[PDB]
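Student: A single structure is presented below for examination.
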Amino acid sequence: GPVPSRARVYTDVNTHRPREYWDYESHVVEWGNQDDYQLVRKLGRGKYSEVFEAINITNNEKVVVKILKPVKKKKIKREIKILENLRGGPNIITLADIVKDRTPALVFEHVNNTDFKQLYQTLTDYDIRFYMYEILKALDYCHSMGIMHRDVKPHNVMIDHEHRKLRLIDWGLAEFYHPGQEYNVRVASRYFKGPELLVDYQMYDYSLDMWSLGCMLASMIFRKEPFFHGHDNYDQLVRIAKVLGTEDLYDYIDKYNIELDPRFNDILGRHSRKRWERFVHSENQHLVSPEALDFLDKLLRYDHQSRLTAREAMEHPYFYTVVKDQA
Ligand SMILES: CCC(=O)Nc1cc(Nc2cc(NC3CC3)n3ncc(C#N)c3n2)ccc1C
């Protein structure tokens, strides 16, 4: 069977906490008063919810309400517990309230978001570095708190551009990291799935989030959304292999003694590792630096153990200007 793996960092953070921190099955939800909110307008939909703008009539605050579709009580408890554990951390969305009426509804802080597919197009080199740094602060925090997001992607990053304000949202797929735990690989949107998910390696960790982040960075600096455009989960690994190369993929599989689905054998083929130069063009060149490419290269690795940590990523030369400016 497959070789075990442990997170390089924050390995035992949960083991050292009282049981109640991570044992979300035991959590008892604190319900607020539904009558404090009036729905204003529909914002959109999710896999597990319908999302509204509302107003708290107690204090006239704008709020966002996520009314949950039918989900197991333990999955709702997990998201609540994680949001409560992370509350106050840098750039983490605030869960304001939990209400029922017998559908349960999560009430969040409102972020005045600029349209994903209209904001990114205006971003400068500096803007990308700045917002990437802000996401890294949220990820280092949640990882340090023993939590994997497992769904990092543009839709889950709210940006109020006028206020240079960012929040990482939608903790519905997030989970506590426990050394030895075999996690569900059916997580994350296709284009952002890490190689560990695609090859069915269950003993993954915080490093999953760093792959997803690298996918985001590539899409932003290269003006290519998505970067890895697979047709399905199988073809998704092929798209990755056409860039990172098949030699390193098969090295990863060997190292962990992973049993590769036989479907893959006739589709992965043989690919060279490509230089990042082939994605640079006259339109995107203003976003691309040696620093950007070095950083990206160090996130997008097959081997989860070799990817930068959040805290290592924050020390990369790509961010030196940002770090100086924040003083
Ligand atoms: C809260 C529901 C969730 O977890 N995901 C989600 C959010 C959403 N839209 C949104 C949209 C906004 N602001 C936009 C209207 C100006 N905000 N602001 C804060 C939050 C939050 N949290 C937010 N979610 C649309 C679809 C889904 C699935």
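The residues of chain A that appear here are 3-103, 107-332 by Swiss-Prot count, in order.
For all residues, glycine too, the Cβ spot is worked out from N, Cα and C.
As listed in Swiss-Prot for this protein:
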- 36-41: region 'Interaction with beta subunit' (REGION)
- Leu45, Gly46, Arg47, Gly48, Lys49, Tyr50, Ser51, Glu52, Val53, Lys68: ATP binding site (BINDING)
- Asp156: active site, proton acceptor (ACT_SITE)
Student: For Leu45 (ATP binding site), name the DSSP secondary structure in the helix/strand/coil scheme.
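Tutor: Reduced to three states, the DSSP call for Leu45 (ATP binding site) is strand.
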Student: Running a distance check here. Ligand 1 versus the recorded positions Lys49, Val53, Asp156: which have CB less than 6 Å from one of its atoms?
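Tutor: Checked recorded positions vs ligand 1; flagged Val53.
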Student: Around the ATP site formed by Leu45, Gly46, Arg47, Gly48, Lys49, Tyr50, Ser51, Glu52, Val53, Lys68, list the extra residues of the same chain whose Cβ is within 8 Å of the site's Cβ centroid.
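Tutor: For the ATP site, the extra neighbours are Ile69, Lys71.
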Student: Using DSSP and three states only, what is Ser51 (ATP binding site)?
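Tutor: Note: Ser51 (ATP binding site) is in a strand by DSSP.
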Student: How far is it from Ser51 (ATP binding site) to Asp156 (active site, proton acceptor), counting Cα to Cα, in Å?
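Tutor: Just about 16 Å between their Cα atoms.
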Student: Give the distance between the Cα atoms of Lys49 (ATP binding site) and the residue listed as 'active site, proton acceptor', rounded to the nearest whole Å.
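Tutor: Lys49 (ATP binding site) and the residue listed as 'active site, proton acceptor' have their Cα atoms 12 Å apart.
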Student: Rounded to a whole angstrom, what is the largest C-alpha distance between any two of the residues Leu45, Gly46, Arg47, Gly48, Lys49, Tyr50, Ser51, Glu52, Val53, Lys68 that the record assigns to ATP?
Tutor: 14
Student: For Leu45 (ATP binding site), what residues in its own chain, 6 or more apart in sequence, show a Cβ-Cβ distance under 8 Å?
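Tutor: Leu45 (ATP binding site) has long-range Cβ partners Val53, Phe54, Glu55, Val66.
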Student: Cα of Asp156 (active site, proton acceptor) to Cα of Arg47 (ATP binding site): how many Å, rounded?
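Tutor: Their Cα atoms are separated by 16 Å.
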Student: Using Cβ atoms only, which residues of the same chain lie under 8 Å from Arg47 (ATP binding site) while being at least 6 residues apart in sequence?
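Tutor: Spatial neighbours, sequence-distant, of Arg47 (ATP binding site): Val53.
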Student: Between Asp103 and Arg107 the chain has a hole of 3 residues; just give the Cα distance across it in whole angstrom, please.
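Tutor: It comes to 5 Å between the two flanking Cα atoms.
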